[PDB]
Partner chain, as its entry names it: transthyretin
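Given as structure tokens, the chain that follows is alone and in the form solved without its partner chain.
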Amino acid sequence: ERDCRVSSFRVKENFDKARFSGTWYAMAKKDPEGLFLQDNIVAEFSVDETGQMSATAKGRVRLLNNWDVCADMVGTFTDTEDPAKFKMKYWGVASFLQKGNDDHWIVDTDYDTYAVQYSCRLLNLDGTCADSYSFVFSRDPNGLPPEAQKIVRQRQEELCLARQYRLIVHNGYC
């Protein structure tokens, strides 16, 4: 019954880059295919005088055969016609870290408590996502208050992802 076409997904009305700036702690994630950030994930968002949003991110990644490594990433966002939908060019401060360019949607936020992010890297032929990821962020590293949690759960369901998240631990690995 639920519409899981990516083109159907609502995102944050009148998204405000300035209000979104600062530190966001990843509390949960739905993983894409392939190498991804593992845990201890913290993002720092900024916006400059011209209005270009950028970010940095720290987090543990496990390069295969179980090598751990605190990845240190940089992201720059290109605006689209939708104020909450961006193209994110990203890379690591080290050359060998993953680079690429992902859709970056702010699905919902209240700016001072929670944010829900979404990226579809590849569509299915029916308009659903073949390869997605999603972060839930909190301003407080100790987690969301119940009212925000309940909103986030609704957004998770709307993205057709609600069963597919895992919690992210923060234990000082970085």
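Rigid core here is just the name for the largest C-alpha set that superposes within 1.5 Å across the two forms. Numbering follows the first chain given and starts at 1.
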Original post:
Taking RMS over all structures and residues, which stretch has CA atoms farther from the shown form in 8 other deposited structures of this protein, 31-39 or 119-127, after a rigid core fit?
Top reply: 31-39
Subject >> Farther-lying stretch by C-alpha RMS in 8 other deposited structures of this protein, rigid core as reference, of 93-101 and 67-75 >> reply: 93-101
Subject >> Higher-scoring stretch by recorded Cα B factor average, 65-73 or 120-128 >> reply: 65-73
**OP:** Could you settle it for me: does 105-113 or 56-64 have the higher average Cα B factor in the PDB entry?
**Re:** 56-64
Subject >> Candidate residues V11, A18, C160, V152, the one whose C-alpha B factor the record puts highest >> reply: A18
Original post:
Which third of the chain does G51 land in by C-alpha B-factor: lowest, middle or highest?
Top reply: highest
**OP:** Place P145 in the lowest, middle or highest third of its chain's C-alpha B-factors, as listed in the PDB entry.
**Re:** middle
**OP:** Please rank the C-alpha B-factors of the chain's modelled residues and tell me whether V136 sits in the lowest, middle or highest third.
**Re:** lowest
Original post:
Would the CA B-factor of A28 place it in the lowest, middle or highest third of its chain?
Top reply: lowest
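Keep in mind the form solved in complex with its partner chain is missing from the figure; the text below concerns it.
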Subject >> Stretch in contact in the entry with it bound with its partner chain, which is absent here, among 44-52, 58-66, 131-139, 116-124 (heavy atoms within 4.5 Å) >> reply: 58-66
Original post:
Should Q98 be counted as a contact of its partner chain in the entry with it bound, where contact means heavy atoms within 4.5 Å?
Top reply: yes
Original post:
Heavy atom to heavy atom, is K85 within 4.5 Å of its partner chain in the entry with it bound?
Top reply: no
Subject >> 4.5 Å heavy atom contact, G92 and its partner chain in the entry with it bound >> reply: yes
